[PDB]
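Next up: a single chain in structure tokens, the form deposited in one PDB entry.
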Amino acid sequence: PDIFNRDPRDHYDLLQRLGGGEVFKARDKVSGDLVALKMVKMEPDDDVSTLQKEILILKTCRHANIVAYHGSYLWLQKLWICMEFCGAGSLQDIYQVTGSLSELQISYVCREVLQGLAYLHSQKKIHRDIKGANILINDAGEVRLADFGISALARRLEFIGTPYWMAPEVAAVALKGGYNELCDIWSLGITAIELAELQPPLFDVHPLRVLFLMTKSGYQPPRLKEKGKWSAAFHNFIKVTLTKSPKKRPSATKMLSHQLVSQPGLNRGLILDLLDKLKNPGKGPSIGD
């Protein structure tokens, strides 16, 4: 897992707090390469073997659409995860300045996220948290999924020995959990709306009320507010990723052949366009020269 009991300041120069555990911009002391350092506060009763396993899940990822992992540092009951630095931050950080993404910019992001998701799911990993805040953009306009599952089955293993009085739905939860990797496909459909509208659907509704409505029978999956503005391909992409039944929701590899993400002309240049907007968001210079 490459977890070093050393102080991270020995190898890296902390530069600036990027966000919030806490993420910092850092420079490699020998090469001068920019990295990101995610600091996670560890409690004393935390199990070491469980931390090594979680870290190794990140370490064993070798895909272009998942942030690269360089190493980890355990010092002062604080874990420092060293990863690929993505200059433009998250898509949430970006759209909060630029406004709504265009249909082609979203199509390219969805394609890149789906490539990341197809790889994770083929390794039996579930991101579990796909949203604008967790999709990073580097200076080249490239898309990376941030780290997942760190400091997040054993309880469910206890009941497994006595299933004889269990209802079929309880037995299904006990054996495979109440969800699988297809939860990420639904989260990506919500993310595509988020990128188009600046908010996920029902964002103005109380957290608890949304949870209740989502579980309530007759629950209708979200849809894009405007119609004509978006192609039939984009509306269908949202409709199929937001399939209510996970038994009917398509896999990431199935989605990769969808018209919205398989169309020609989708490249990081679409994101470099968005980045240009980010660099100069306000109006041009006034008469005061």
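Each residue number is its position in the shown sequence, starting from 1. Rigid core here is just the name for the largest C-alpha set that superposes within 1.5 Å across the two forms.
Keep in mind that the form deposited in another entry is missing from the display, and what follows is about it.
Just a single entry of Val40, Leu256, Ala233, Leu224 exceeds or equals a 2 Å CA shift between this form and the one not shown, which is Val40 (rigid core superposed). Once you line up the core between this form and the one not shown, the Cα of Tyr119 stays within less than 2 Å of where it was. After superposing the rigid core, the Cα of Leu175 is displaced by 2 Å or more between this form and the one not shown.
Here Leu79 counts as shifted, since its C-alpha moves by at least 2 Å between this form and the one not shown after the core is aligned. A change of 3 Å or more separates the two forms for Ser251 and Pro168: their C-alpha atoms lie farther apart in that other deposited form.
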